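**Student:** This is upload11.cif, which holds mmCIF, C-alpha atoms:
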```cif
data_input
#
loop_
_atom_site.label_atom_id
_atom_site.label_comp_id
_atom_site.auth_asym_id
_atom_site.auth_seq_id
_atom_site.Cartn_x
_atom_site.Cartn_y
_atom_site.Cartn_z
CA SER P 22 120.21 72.07 108.28
CA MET P 23 117.88 71.79 111.30
CA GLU P 24 116.76 75.53 111.04
CA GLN P 25 115.25 74.34 107.69
CA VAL P 26 113.49 71.43 109.69
CA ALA P 27 111.70 73.95 112.03
CA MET P 28 110.50 76.09 109.11
CA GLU P 29 108.92 72.90 107.70
CA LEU P 30 107.26 71.74 110.96
CA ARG P 31 105.79 75.33 111.27
CA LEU P 32 104.52 75.11 107.65
CA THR P 33 103.23 71.52 108.21
CA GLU P 34 101.11 73.09 111.05
CA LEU P 35 99.82 75.98 108.96
CA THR P 36 98.92 73.30 106.37
CA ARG P 37 97.15 71.39 109.17
CA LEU P 38 95.24 74.50 110.23
CA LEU P 39 94.19 75.53 106.68
CA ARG P 40 92.89 71.98 106.09
CA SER P 41 90.41 72.52 108.89
CA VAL P 42 89.44 75.94 107.54
CA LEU P 43 88.83 74.68 104.00
CA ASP P 44 86.61 71.87 105.31
CA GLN P 45 84.54 74.45 107.18
CA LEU P 46 84.31 76.77 104.16
CA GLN P 47 83.37 73.90 101.83
CA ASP P 48 80.59 72.88 104.25
CA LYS P 49 79.19 76.38 103.40
CA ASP P 50 78.68 75.08 99.79
CA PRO P 51 76.22 72.23 100.45
CA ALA P 52 75.16 72.31 96.75
CA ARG P 53 78.79 71.76 95.62
CA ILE P 54 78.62 74.60 93.06
CA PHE P 55 82.25 75.50 94.04
CA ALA P 56 83.67 71.93 94.47
CA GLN P 57 85.22 71.71 91.07
CA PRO P 58 86.69 73.99 88.34
CA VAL P 59 84.13 75.39 85.83
CA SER P 60 84.24 72.91 82.91
CA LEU P 61 85.80 74.29 79.75
CA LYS P 62 83.97 71.64 77.73
CA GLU P 63 80.67 72.89 79.14
CA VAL P 64 81.72 76.60 79.08
CA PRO P 65 84.30 76.96 76.25
CA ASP P 66 84.40 80.82 76.47
CA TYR P 67 84.94 80.83 80.26
CA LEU P 68 88.55 82.10 80.09
CA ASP P 69 87.48 85.02 77.89
CA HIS P 70 85.48 86.05 80.98
CA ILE P 71 87.57 84.87 83.95
CA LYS P 72 91.39 85.05 83.86
CA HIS P 73 92.11 83.33 87.19
CA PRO P 74 89.55 80.51 87.72
CA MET P 75 89.42 78.97 91.19
CA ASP P 76 87.44 76.21 93.02
CA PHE P 77 87.76 74.13 96.27
CA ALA P 78 89.47 71.01 94.76
CA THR P 79 92.14 73.19 93.09
CA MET P 80 92.72 74.90 96.50
CA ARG P 81 92.93 71.40 98.02
CA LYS P 82 95.59 70.15 95.52
CA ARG P 83 97.66 73.20 96.50
CA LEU P 84 97.06 72.69 100.21
CA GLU P 85 98.18 69.01 100.23
CA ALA P 86 101.26 70.17 98.29
CA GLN P 87 102.03 72.69 101.16
CA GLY P 88 101.68 75.51 98.63
CA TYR P 89 100.04 78.25 100.79
CA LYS P 90 102.87 80.13 102.51
CA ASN P 91 100.46 82.18 104.66
CA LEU P 92 96.71 82.73 105.32
CA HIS P 93 96.43 85.76 102.95
CA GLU P 94 97.46 83.54 99.99
CA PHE P 95 94.66 81.06 100.96
CA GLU P 96 92.18 84.00 101.52
CA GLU P 97 93.01 85.39 98.06
CA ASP P 98 92.14 81.97 96.45
CA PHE P 99 88.79 81.84 98.26
CA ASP P 100 87.82 85.30 97.17
CA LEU P 101 88.76 84.40 93.57
CA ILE P 102 86.05 81.71 93.81
CA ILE P 103 83.46 84.22 95.06
CA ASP P 104 84.37 87.19 92.90
CA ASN P 105 84.60 85.14 89.60
CA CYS P 106 81.18 83.72 90.34
CA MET P 107 79.60 87.13 90.96
CA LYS P 108 81.01 88.56 87.71
CA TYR P 109 80.33 85.55 85.45
CA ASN P 110 76.77 84.98 86.75
CA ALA P 111 73.87 87.57 86.89
CA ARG P 112 72.41 88.73 90.23
CA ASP P 113 69.17 86.70 89.84
CA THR P 114 70.92 83.34 89.61
CA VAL P 115 71.33 80.38 91.93
CA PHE P 116 75.03 80.63 91.27
CA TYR P 117 75.45 84.30 92.25
CA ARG P 118 73.13 83.83 95.26
CA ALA P 119 75.33 80.95 96.42
CA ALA P 120 78.58 83.04 96.20
CA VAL P 121 76.83 85.75 98.25
CA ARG P 122 75.90 83.09 100.83
CA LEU P 123 79.39 81.51 100.98
CA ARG P 124 81.04 84.95 101.33
CA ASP P 125 78.77 85.89 104.27
CA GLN P 126 79.12 82.61 106.16
CA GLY P 127 82.80 82.03 105.32
CA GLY P 128 83.59 85.51 106.79
CA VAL P 129 83.04 84.05 110.29
CA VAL P 130 85.28 81.00 109.79
CA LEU P 131 88.02 83.30 108.39
CA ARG P 132 87.70 85.96 111.09
CA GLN P 133 88.44 83.26 113.70
CA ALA P 134 91.13 81.57 111.58
CA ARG P 135 93.00 84.92 111.36
CA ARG P 136 93.29 85.10 115.15
CA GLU P 137 94.57 81.46 115.39
CA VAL P 138 97.34 82.11 112.82
CA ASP P 139 98.51 85.19 114.79
CA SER P 140 98.15 83.51 118.20
CA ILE P 141 99.86 80.21 117.12
CA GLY P 142 102.40 82.08 114.89
#
```
Please, can you express the file's structure as structure tokens?
**Tutor:**
Amino acid sequence: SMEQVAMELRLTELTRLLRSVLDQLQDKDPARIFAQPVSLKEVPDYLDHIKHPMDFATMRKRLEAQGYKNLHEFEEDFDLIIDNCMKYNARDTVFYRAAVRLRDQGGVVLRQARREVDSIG
């Protein structure tokens, strides 16, 4: 069907728009602490602490496989990154300080991105 075609083209263009948003968010991690999944070799107990790990490259696999049906699903994954960090790592750490920084700065990118999803449909 063609009504299936227009659902796709509208997804394809969410997927376009999220790509931009992720690039902006991942510029807020200049140190690349969030670039990649926490290594299980390096931190073998990690999953005893964090049940749903998340990182930018894992979000990016799922984005290029059109796997975010809306913005909320993308926003949930981003918050996973931040929240996991701020539980696993103590307050007086480079790691926790960087999640606090990404959360504050990424809140601006997301607050505009929410309007452009609603506007553009």
**Student:** Show which residues sit within 12 Å of residue 131 (chain P), as an mmCIF file with C-alpha atoms, in the frame of the given file. Count all atoms listed in the file, and ignore same-chain residues fewer than 2 positions away.
**Tutor:**
```cif
data_model
loop_
_atom_site.group_PDB
_atom_site.id
_atom_site.type_symbol
_atom_site.label_atom_id
_atom_site.label_comp_id
_atom_site.auth_asym_id
_atom_site.auth_seq_id
_atom_site.Cartn_x
_atom_site.Cartn_y
_atom_site.Cartn_z
ATOM 1 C CA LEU P 38 95.240 74.500 110.230
ATOM 2 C CA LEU P 39 94.190 75.530 106.680
ATOM 3 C CA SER P 41 90.410 72.520 108.890
ATOM 4 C CA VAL P 42 89.440 75.940 107.540
ATOM 5 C CA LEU P 43 88.830 74.680 104.000
ATOM 6 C CA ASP P 44 86.610 71.870 105.310
ATOM 7 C CA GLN P 45 84.540 74.450 107.180
ATOM 8 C CA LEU P 46 84.310 76.770 104.160
ATOM 9 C CA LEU P 92 96.710 82.730 105.320
ATOM 10 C CA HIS P 93 96.430 85.760 102.950
ATOM 11 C CA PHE P 95 94.660 81.060 100.960
ATOM 12 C CA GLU P 96 92.180 84.000 101.520
ATOM 13 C CA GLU P 97 93.010 85.390 98.060
ATOM 14 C CA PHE P 99 88.790 81.840 98.260
ATOM 15 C CA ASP P 100 87.820 85.300 97.170
ATOM 16 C CA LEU P 123 79.390 81.510 100.980
ATOM 17 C CA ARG P 124 81.040 84.950 101.330
ATOM 18 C CA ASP P 125 78.770 85.890 104.270
ATOM 19 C CA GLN P 126 79.120 82.610 106.160
ATOM 20 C CA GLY P 127 82.800 82.030 105.320
ATOM 21 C CA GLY P 128 83.590 85.510 106.790
ATOM 22 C CA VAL P 129 83.040 84.050 110.290
ATOM 23 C CA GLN P 133 88.440 83.260 113.700
ATOM 24 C CA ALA P 134 91.130 81.570 111.580
ATOM 25 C CA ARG P 135 93.000 84.920 111.360
ATOM 26 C CA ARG P 136 93.290 85.100 115.150
ATOM 27 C CA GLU P 137 94.570 81.460 115.390
ATOM 28 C CA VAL P 138 97.340 82.110 112.820
#
```
**Student:** What does the PyMOL selection byres ((chain P and resi 117) around 12) select in this file, as an NGL selection string?
**Tutor:** :P and (54-55 or 102-116 or 118-124)
**Student:** Produce a file of the selected residues containing C-alpha atoms, as an mmCIF file, in the frame of the given file.
**Tutor:**
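Writing the result to result-v8.cif gives the following:
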```cif
data_model
loop_
_atom_site.group_PDB
_atom_site.id
_atom_site.type_symbol
_atom_site.label_atom_id
_atom_site.label_comp_id
_atom_site.auth_asym_id
_atom_site.auth_seq_id
_atom_site.Cartn_x
_atom_site.Cartn_y
_atom_site.Cartn_z
ATOM 1 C CA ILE P 54 78.620 74.600 93.060
ATOM 2 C CA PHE P 55 82.250 75.500 94.040
ATOM 3 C CA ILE P 102 86.050 81.710 93.810
ATOM 4 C CA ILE P 103 83.460 84.220 95.060
ATOM 5 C CA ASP P 104 84.370 87.190 92.900
ATOM 6 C CA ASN P 105 84.600 85.140 89.600
ATOM 7 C CA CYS P 106 81.180 83.720 90.340
ATOM 8 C CA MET P 107 79.600 87.130 90.960
ATOM 9 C CA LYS P 108 81.010 88.560 87.710
ATOM 10 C CA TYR P 109 80.330 85.550 85.450
ATOM 11 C CA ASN P 110 76.770 84.980 86.750
ATOM 12 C CA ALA P 111 73.870 87.570 86.890
ATOM 13 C CA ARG P 112 72.410 88.730 90.230
ATOM 14 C CA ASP P 113 69.170 86.700 89.840
ATOM 15 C CA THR P 114 70.920 83.340 89.610
ATOM 16 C CA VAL P 115 71.330 80.380 91.930
ATOM 17 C CA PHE P 116 75.030 80.630 91.270
ATOM 18 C CA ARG P 118 73.130 83.830 95.260
ATOM 19 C CA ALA P 119 75.330 80.950 96.420
ATOM 20 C CA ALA P 120 78.580 83.040 96.200
ATOM 21 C CA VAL P 121 76.830 85.750 98.250
ATOM 22 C CA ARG P 122 75.900 83.090 100.830
ATOM 23 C CA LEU P 123 79.390 81.510 100.980
ATOM 24 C CA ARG P 124 81.040 84.950 101.330
#
```
**Student:** Go through P:65, P:60, P:142, P:47 one by one, measure the shortest atom-to-atom distance of each to residue 80 (chain P) using all atoms listed in the file, and give the residue with the smallest value.
**Tutor:**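 Counting all atoms listed in the file, the residue closest to residue 80 (chain P) is P:47.
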**Student:** Between CA of residue 56 (chain P) and CA of residue 77 (chain P), measure the distance and give it in Å to one decimal.
**Tutor:**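 Distance reported for this atom pair: 5.0 Å.
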**Student:** Taking (85.9, 74.7, 87.1) in the coordinates of the supplied file, I want to know which residues reach to within 9 Å of it, counting all atoms listed in the file; could you give the answer as a PDB file with C-alpha atoms, in the coordinates of the input?
**Tutor:**
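Output below, filename part12.pdb:
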```pdb
ATOM      1  CA  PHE P  55      82.250  75.500  94.040  1.00  0.00           C
ATOM      2  CA  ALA P  56      83.670  71.930  94.470  1.00  0.00           C
ATOM      3  CA  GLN P  57      85.220  71.710  91.070  1.00  0.00           C
ATOM      4  CA  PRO P  58      86.690  73.990  88.340  1.00  0.00           C
ATOM      5  CA  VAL P  59      84.130  75.390  85.830  1.00  0.00           C
ATOM      6  CA  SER P  60      84.240  72.910  82.910  1.00  0.00           C
ATOM      7  CA  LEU P  61      85.800  74.290  79.750  1.00  0.00           C
ATOM      8  CA  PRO P  74      89.550  80.510  87.720  1.00  0.00           C
ATOM      9  CA  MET P  75      89.420  78.970  91.190  1.00  0.00           C
ATOM     10  CA  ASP P  76      87.440  76.210  93.020  1.00  0.00           C
ATOM     11  CA  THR P  79      92.140  73.190  93.090  1.00  0.00           C
TER      12      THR P  79
END
```
**Student:** Near residue 87 (chain P), counting all atoms listed in the file, which residues have an atom at most 9 Å away, once you skip same-chain residues fewer than 4 positions from it, shown as a list in words?
**Tutor:** residues 32, 33, 35, 36, 82 and 83 of chain P
